[PDB]
Enquirer: 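Following this message is one structure expressed as structure tokens.
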Amino acid sequence: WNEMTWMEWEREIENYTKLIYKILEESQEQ
Amino acid sequence: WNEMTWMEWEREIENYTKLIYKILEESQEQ
Amino acid sequence: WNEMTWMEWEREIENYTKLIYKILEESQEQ
Amino acid sequence: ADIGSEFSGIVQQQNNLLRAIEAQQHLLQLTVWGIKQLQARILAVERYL
Amino acid sequence: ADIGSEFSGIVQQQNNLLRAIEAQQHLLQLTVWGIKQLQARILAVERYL
Amino acid sequence: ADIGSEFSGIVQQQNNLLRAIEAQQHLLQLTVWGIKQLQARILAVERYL
């Protein structure tokens, strides 16, 4: 099932993107 | 027409790459 | 032979990733 | 004075670096879109066959 | 004092920028995986045809 | 002195961050190439079918 794994891939993308947005948000207040 | 949209995609890539080169150019003079 | 060239591509990816890891390693000691 | 000038050079450079990271994030997002599009198309092929 | 505060603001911002670069590298790595996966699948198709 | 040392540590770290951003841009460019290559190949397939 590459389907379950492309779903993993997507969730990883989503998590790292969420973290980057968080860091960018903290970097504007500096 | 994904063709018109992949053309959009390419132009977006080109625009962001041009902006990054501009910022990198300004960052060498610092 | 796109095969030889995708092999080039991979080696380029590998080289830039190795350089980024090196730079990140130097950036933790600061 | 020169200490102020030194600080201002550094903060200006921090803003540049931040702006580069921000533009690169948009590029990363464009590549993720492109990959998903291609993955969807390759599947449609794979299922036809 | 205020000079210390100025330095600490700057170093804190350097750590933020570093953390963003680190997360973006993971994203870049995820896109490279995805591209390789798709390249392998497109080949299998291309060889069937 | 120590203020000079503090500035020099910070500028050195700014150069590191800049160098990482520069290498990551090359990586981003390699992924964009790879995506375009795959898009072209998937089209050739799609048109055969």
Side-chain angles (χ1 to χ4, degrees), chain D, chain E:
Chain D
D2 235 85
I3 196 61
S5 281
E6 182 67 8
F7 278 126
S8 64
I10 287 172
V11 301
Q12 180 61 83
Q13 181 78 331
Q14 286 188 327
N15 285 311
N16 290 336
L17 299 182
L18 176 62
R19 280 157 72 229
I21 291 169
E22 294 171 330
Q24 287 184 321
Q25 183 59 24
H26 290 287
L27 281 179
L28 276 169
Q29 278 301 302
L30 287 159
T31 68
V32 170
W33 180 91
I35 288 158
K36 287 172 151 205
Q37 199 75 2
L38 293 184
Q39 201 272 344
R41 289 167 50 169
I42 195 65
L43 272 75
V45 170
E46 274 175 343
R47 291 171 174 177
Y48 196 172
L49 307 178
Chain E
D2 235 85
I3 196 61
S5 281
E6 182 67 8
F7 278 126
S8 64
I10 287 172
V11 301
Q12 180 61 83
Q13 181 78 331
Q14 286 188 327
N15 285 311
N16 290 336
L17 299 182
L18 176 62
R19 280 157 72 229
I21 291 169
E22 294 171 330
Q24 287 184 321
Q25 183 59 24
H26 290 287
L27 281 179
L28 276 169
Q29 278 301 302
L30 287 159
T31 68
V32 170
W33 180 91
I35 288 158
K36 287 172 151 205
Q37 199 75 2
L38 293 184
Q39 201 272 344
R41 289 167 50 169
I42 195 65
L43 272 75
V45 170
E46 274 175 343
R47 291 171 174 177
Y48 196 172
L49 307 177

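Only heavy atoms go into these numbers, but all of them, side chains included; no hydrogens, no water, no symmetry mates. First the proteins, then the strands, lettered A, B, ... as listed; each starts at 1.
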Enquirer: Considering only heavy atoms from C-beta outward, does the side chain of E:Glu6 approach that of E:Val11 to under 4.5 Å?
Expert: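 Not in contact.
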Enquirer: Under 4.5 Å from any heavy atom of chain D, what part of E:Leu38 do you find: side chain, backbone, both or neither?
Expert: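 Just the side chain, heavy atoms under 4.5 Å.
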Enquirer: Would you mind reporting whether D:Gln37 and D:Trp33 have side-chain heavy atoms less than 4.5 Å apart?
Expert: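 Touching, per the 4.5 Å side-chain cut-off.
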Enquirer: Heavy-atom cut-off 4.5 Å, strictly under: side chain, backbone, both or neither for D:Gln24 against chain E?
Expert: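 When you check distances to chain E, atoms from both the backbone and side chain of D:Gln24 fall under 4.5 Å.
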Enquirer: Applying side-chain contact (heavy atoms from CB on, under 4.5 Å), run through E:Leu28 and D:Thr31 and close with a yes or a no.
Expert: CA-CA 9 Å; E:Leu28 276 169; D:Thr31 68; over 6 Å; no
Enquirer: With the side chain counted from C-beta on, respond yes when E:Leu27 and D:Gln25 share a heavy-atom pair under 4.5 Å apart, and no when they do not.
Expert: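 Touching, per the 4.5 Å side-chain cut-off.
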Enquirer: Please state whether the side chain, the backbone, both or neither of D:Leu43 comes within less than 4.5 Å of a heavy atom of chain E.
Expert: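 Looking at D:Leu43, backbone and side chain both touch chain E.
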Enquirer: Do D:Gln13 and D:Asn16 pair up side chain to side chain, a donor and an acceptor below 3.5 Å, judged on atom types alone?
Expert: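 D:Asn16 and D:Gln13 do have a side-chain donor-acceptor pair below 3.5 Å.
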Enquirer: Using non-hydrogen atoms and a 4.5 Å limit, figure out which bit of E:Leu30 sits close to chain D: side chain, backbone, both or neither.
Expert: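 For E:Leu30, there is no contact with chain D at all, as no heavy atom is under 4.5 Å.
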Enquirer: Report the option among E:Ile35, E:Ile21, E:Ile3 that has the most heavy-atom pairs separated by less than 4.5 Å from atoms of chain D.
Expert: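 Among the listed options, the one with the most contacts to chain D is E:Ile3.
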Enquirer: Heavy-atom pairs under 4.5 Å with chain E are the metric here; pick the option from D:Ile10, D:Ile42, D:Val32 that has the most.
Expert: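 Between D:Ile10, D:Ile42, D:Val32, the count favours D:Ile42.
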